[PDB]
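Undergrad: Fold the following.
(2 chains)
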Amino acid sequence: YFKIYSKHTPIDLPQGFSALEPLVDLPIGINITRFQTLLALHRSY
Amino acid sequence: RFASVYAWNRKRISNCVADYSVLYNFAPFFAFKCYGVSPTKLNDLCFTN
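TA: Numbering: from 1, shown residues only, chains lettered A, B, ... in the order given. I have put the structure below:
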C-alpha cells in the first residue's frame, strides 16, 4: 500500500511547525527499495 | 495465462462494483477457503483496496 505526503510553506528547515498531508490514491503492491530524484536543466542533453 | 508460484502475477482491483456470486457459482471451484471473512458476507462488504 502506497503512502505519499506533501506540504508547501514559506521559509533550510526553520524552527516552525508544519504537518504533511496525503495527496494521491495509488493502491499497487510493489516491494519499493529504490528512490530516484529528477532534476531539470537547459543544456539539452 | 497463469504464472508459476514464484514471480506470481498480481492485479489490483478498484473503482468497480464487485459481484462475488459468479465467482463461487463456478462448479470446478471446489476449494474456496476464506480467512477473516465468511463466503456468505462477501457480497455485502465494503473494501478499501
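
Undergrad: Name the SS class of the closest residue to chain B within chain A, please.
TA: Distances between chain A and chain B by Cβ to the nearest Cβ are smallest at residue A:27, namely 4.3 Å. Where C-beta positions appear, they are placed from N, C-alpha and C, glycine not excepted. With DSSP: H, G, I helix; E, B strand; the rest coil as the basis, residue A:27 sits in coil.

Undergrad: ok, now which ones touch the closest residue to it other than its chain neighbours?
TA: Spatial nearest neighbour of residue A:27, excluding adjacent residues (Cβ to Cβ, 6 or more residues apart in numbering or on different chains): residue B:49 at 4.3 Å. The contact partners of residue B:49, taken as Cβ atoms under 8 Å, 6 or more residues apart in numbering or on different chains, are A:1, A:27, B:12, B:14.

Undergrad: do you know how far the residue of chain A closest to chain B is from residue A:5?
TA: Distance, residue A:27 to residue A:5, using Cβ to Cβ, to the nearest Å: 16 Å.

Undergrad: same deal with residue B:8?
TA: Distance from residue B:8 to residue A:5, by Cβ to Cβ: 30 Å.

Undergrad: do the same with residue B:26
TA: In terms of Cβ to Cβ, residue B:26 sits 42 Å off from residue A:5.

Undergrad: Same check on residue B:17?
TA: Counting by Cβ to Cβ, the gap from residue B:17 to residue A:5 is 31 Å.

Undergrad: The residue of chain A closest to chain B and residue B:10 touch, don't they?
TA: No - Residue A:27 lies out of contact with residue B:10 (Cβ atoms under 8 Å); the separation is 11.5 Å.

Undergrad: Name the residue closest to the centre of chain A, please.
TA: In chain A, the residue lying closest to the centroid (Cα atoms, centre = their mean) is residue A:6, at 6.1 Å.
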